[PDB]
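Shown next as structure tokens: one chain only, the form deposited in one PDB entry.
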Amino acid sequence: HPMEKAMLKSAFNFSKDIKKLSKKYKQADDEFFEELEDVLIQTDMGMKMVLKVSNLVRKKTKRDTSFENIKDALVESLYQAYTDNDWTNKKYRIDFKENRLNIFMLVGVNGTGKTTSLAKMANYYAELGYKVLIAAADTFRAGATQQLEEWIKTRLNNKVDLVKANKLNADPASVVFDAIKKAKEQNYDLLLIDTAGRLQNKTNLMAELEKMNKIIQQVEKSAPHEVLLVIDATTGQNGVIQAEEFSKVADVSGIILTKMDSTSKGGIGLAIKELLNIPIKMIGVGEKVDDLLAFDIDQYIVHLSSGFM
């Protein structure tokens, strides 16, 4: 299992702290709850999540509960804080249908994280037999196109093709126009678009994303079907805070949390839910093209808390 791999370093860090907490344990009093709070702070779930989880654990326990039961309450509380006790099958689902042109847009601060994620998304669907198109529309970013050409050239299934800018028109919107046209005419199942724009200039980002919306919506009214924000898990609570600025200026529908295997901070997923309230749909587990999997909250919680259960 890749969730083993995704959660390993953060599962180790969380249980180290919880296990250290077990030595000192006597009652579930005021002081204990304070030490438990500091352990939760350390997962980087962010202060609101820390208070929610702590207060849930405290409501599920009594002064004279045993530690084994503290942990079960903890695991329950983490899960309830994340899912917020709701039906998540639709929420976390990538909206991909079989008899239409599916058009997903990718957004994110790191331009290499976007191209790597686009490539990995394209291979996920190309491997399931579908016909995939990539639109290299981040034309103002030096190297972005070259990155996507190399993915296609050496790591992608040959059911993935690419549309890039020429010389005369290197407007982002122009690449998206050619891509849509081509995607419809040649019966592609999925168009993946590397959007343009920086947070630096949010009028500009909003403008570029809107030109793009108009263009695709003249062919698939319901598009974009997905607007996916790439968040690097190693950037922690600060990168999540920065990511907020993105959803506020774009109609983001899901998150691709990359490099989860490189972080010791298993609270990142609850921080995202708290600060963005946008479901994580994919999670990146390694550096190879197929190191990307659909996100599953139970596997996430199970693996996060595996070290102490």
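Numbers for residues come from their place in the sequence shown, where the first is 1. Rigid core here is just the name for the largest C-alpha set that superposes within 1.5 Å across the two forms.
The same protein also exists as the form deposited in another entry; that form is not shown, yet it is the one meant from here on.
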Quick one: with the rigid core lined up, which of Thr139, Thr234, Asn110, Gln147 moves its CA 2 Å or more between the shown form and the other one?
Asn110
Does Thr65 show a Cα shift reaching 2 Å between the shown form and the other one after rigid-core superposition?
yes
Checked in the other entry: CA of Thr112 to CA of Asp232 differs by 3 Å or more, atoms lying closer
CA-CA separation of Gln242 and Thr112, closer or farther in the other entry than in the form shown [shift of 3 angstroms or more]
closer
